[PDB]
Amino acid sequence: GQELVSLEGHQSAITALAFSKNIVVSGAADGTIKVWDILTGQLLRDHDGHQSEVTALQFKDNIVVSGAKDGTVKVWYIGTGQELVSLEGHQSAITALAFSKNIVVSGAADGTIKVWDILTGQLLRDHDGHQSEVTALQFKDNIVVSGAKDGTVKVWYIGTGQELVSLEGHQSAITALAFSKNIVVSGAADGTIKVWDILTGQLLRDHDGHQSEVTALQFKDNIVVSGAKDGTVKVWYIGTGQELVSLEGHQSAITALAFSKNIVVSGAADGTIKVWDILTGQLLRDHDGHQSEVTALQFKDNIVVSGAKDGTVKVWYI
């Protein structure tokens, strides 16, 4: 349970983080984007980003999709950092990104949602998504599910361009989403978690949650992991709302969550990173990760990658 590598990090707060293969892409509030090789810990690509704060990152098959505060959306190659396609982006700040096959879906602070083809650069769909800032976005199988700061959740089809079903949403800002072919599950800031039949729109379950002011959510299978400002990390079943295991949490506000296999990695505003086993509830690791708030966590193949508000990027083993 030590550090794999030292990484130089950035000169400003880490705002986005992506992890794939042995490559980590990190974005900072000064617009700089850096690419690192985990095996050697060397910075391969420097200054490939934007001129405003990086707000979202997507990394899939040697291609990085990055969004910035000025609304720009860039698609470039990790090998050379040269942009592949030119996207006009949004006029408002990018707030959410989804990347699947050749499609990029971007959400902005004005509520707009745009669908791009990263082979032609064409704007496939221009959407007046919500009357509020798009705070979450999930893309799967030709259908987009979005969440906004006003509590609204929406799903639509890319070709038709109209909504498939009307979901009532929440009454606080949405935090994280996920959905299957049959159901949608969404969670808001006040702890609410709701599941929706996509066809009819019916509310199959309405859970009030166990926390006040959640700051991070993570869905996988029917298990939700929720962190809150009070420092609690809770694991429970979305079908019934029953808590599964008890975790000590942190003495500081939860600011990042990662979830892989049966391992939960949580980061707090004091920089501490904790590693839990949801089968037993025991604390596997208790790292004094960073000296500032943990702003991003990536967890793949027993390797945790973390970023902090001081610009540091660390990578760990379990």
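All residue numbers refer to positions in the sequence shown, first residue = 1.
Asks: Look over 199-207 and 100-108 in the entry and identify the one with the greater average Cα temperature factor.
Replies: If you average the C-alpha B-factors of 199-207 and of 100-108, the larger mean comes out for 199-207.
Asks: So 175-183 or 71-79, which one's hotter by mean CA B-factor in the entry?
Replies: 175-183 has the higher mean C-alpha B-factor.
Asks: Which one of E243, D141, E133, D117 shows the biggest C-alpha B-factor in the PDB entry?
Replies: Highest C-alpha B-factor among the listed options: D141.
Asks: Which one of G89, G147, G161, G231 shows the biggest C-alpha B-factor in the PDB entry?
Replies: Across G89, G147, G161, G231, the entry lists the biggest C-alpha B-factor for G161.
Asks: Name the third of the chain's ranked CA B-factors that contains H290, choosing lowest, middle or highest.
Replies: Its C-alpha B-factor, which the entry lists for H290, ranks in the lowest third among residues of this chain.
Asks: Please say which third, lowest, middle or highest, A253 falls into when its CA temperature factor is compared across its chain.
Replies: Middle third - that is where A253 ends up once the chain's C-alpha B-factors are sorted.
Asks: Going by what the PDB entry lists, where does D61 fall on CA B-factor within its chain: lowest, middle or highest third?
Replies: It belongs to the middle third of the chain when residues are ordered by C-alpha B-factor.
Asks: Comparing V275 with the other modelled residues of its chain, is its CA B-factor in the lowest, middle or highest third?
Replies: Ranked within chain, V275 CA B lands in the lowest tercile.
Asks: Taking only the Cα B-factors deposited for this chain, tell me whether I33 sits in the lowest, middle or highest third.
Replies: Middle third.
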